[PDB]
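Before any questions on how it binds or moves, here is one chain, the form deposited without 5-methyl-1-(phenylmethyl)imidazole, in structure tokens.
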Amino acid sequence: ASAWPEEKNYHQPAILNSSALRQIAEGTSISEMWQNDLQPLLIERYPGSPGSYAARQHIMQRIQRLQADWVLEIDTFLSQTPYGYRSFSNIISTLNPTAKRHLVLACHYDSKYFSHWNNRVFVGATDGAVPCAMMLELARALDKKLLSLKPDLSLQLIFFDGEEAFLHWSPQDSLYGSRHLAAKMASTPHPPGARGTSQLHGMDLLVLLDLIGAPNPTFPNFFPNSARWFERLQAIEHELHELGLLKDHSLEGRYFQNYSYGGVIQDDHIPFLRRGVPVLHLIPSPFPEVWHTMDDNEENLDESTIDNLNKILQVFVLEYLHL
């Protein structure tokens, strides 16, 4: 009986040196992400809407243009909702599908439904248009390195649909795409032909981005079984800072702070966490001041902060994948 599902417990990163760090910092472009990945997503895109369809096409097109061998799958399903049965479509983008282990990055691409108010439309810029754009920019920035994957370990990106409640949060009205996908992965043998392991056993770690884009975020270290990875993010941030590779950044105002959070935040990671998947939840606490208001828009985003987080995330992913 192979013990491969236990490999994630001992997996160590291959740390990048100063020269490699400057290379990653220089290889990501916040302006290119802003224009090519983010702005097309700043539209109303609640489940079932025309924008939802456009958001999905944009995400798949941006991934398809890359050199790395991404395999795209649309996970479509029905769920009961406060408005009756509806259709949802999760987007999964995977490198090396049959690879036993995958580091998984995720966000949600739906926007919370709100009827237009005084001509304003809710576009959830930090929630989660920026998280989505950051995952696309990461795929683009690291493309050449990721192409080399073409440790039976690779990368997967999930863009969840229906993360938001159609009304206010309730157990049955929210996390539609993630509750669905988690149950589906839990019941799908992996790798193909496996006798007793599922795709969930193959998830080394689920890195979930949400509510990112506001000034001064503080991410707490939520879970003891991913704490050593939270620490790597802290170390990365510290070294990029010391190397002068971050913008308008101070250690006193660092994003990854030492401190836990006793409570529970409802997000797409819940369905996975409750099935035993290690989670690194990159959601700040407190939430952005614009959370769930018409002001969660482009104008209120903090460009340098998003740029700095792109650098930190990219380094983290390369070091995890030994790239």
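Position 1 is the first residue in the sequence shown; the rest follow in order.
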**Study point:** Length class of the unmodelled deposited segment, which would lie between residue 150 and residue 151
**Key:** 4 to 9
Exercise for review: Averaging only over Cα atoms, indicate whether 214-222 or 114-122 has the higher B-factor in the PDB entry.
Suggested key: 114-122
Review point. For the stretches 49-57 and 257-265, which has the higher mean C-alpha B-factor as given in the deposited record?
Key: 257-265
Point to revise | C-alpha B-factor winner, where the candidates are 232, 108, 102, 144 | key: 144
Exercise for review: Return the residue from 252, 164, 204, 127 that has the highest Cα B-factor in the entry.
Suggested key: 252
Exercise for review: Compare the C-alpha B factor of residue 63 with those of the other modelled residues in its chain, then answer lowest, middle or highest third.
Suggested key: highest
**Study point:** residue 131, C-alpha B-factor rank within chain (lowest, middle or highest third)
**Key:** lowest
Check your understanding: Which third, lowest, middle or highest, does the CA B-factor of residue 284 fall in along this chain?
Key -> middle
Study note, to complete from the structure: residue 300: CA temperature factor from the record, placed by chain third, in the middle
Practice item. Divide the modelled residues of the chain into thirds by Cα B-factor and specify which third, lowest, middle or highest, holds residue 159. Key: lowest
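From this point on, the text means the form deposited with 5-methyl-1-(phenylmethyl)imidazole bound, which you will not see here.
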Check your understanding: Heavy atoms within 4.5 Å of 5-methyl-1-(phenylmethyl)imidazole in the entry with it bound: which stretch among 46-54, 61-69, 26-34, 286-294?
Key -> 286-294
Check your understanding: Which one of 204, 137, 164, 237 is close to 5-methyl-1-(phenylmethyl)imidazole in the entry with it bound, taking close to mean a heavy atom within 4.5 Å?
Key -> 164
Review point. Though 5-methyl-1-(phenylmethyl)imidazole is not shown, can you say which of 181, 246, 157, 211 has a heavy atom within 4.5 Å of it in the entry with it bound?
Key: 211
Check your understanding: Closest heavy atom of residue 83 to 5-methyl-1-(phenylmethyl)imidazole in the entry with it bound, within 4.5 Å or not?
Key -> no
Point to revise | 5-methyl-1-(phenylmethyl)imidazole contact at residue 258 in the entry with it bound, heavy atom, 4.5 Å | key: no
Exercise for review: Look up in the entry with it bound whether residue 266 has a non-hydrogen atom within 4.5 angstroms of 5-methyl-1-(phenylmethyl)imidazole, and give yes or no.
Suggested key: yes
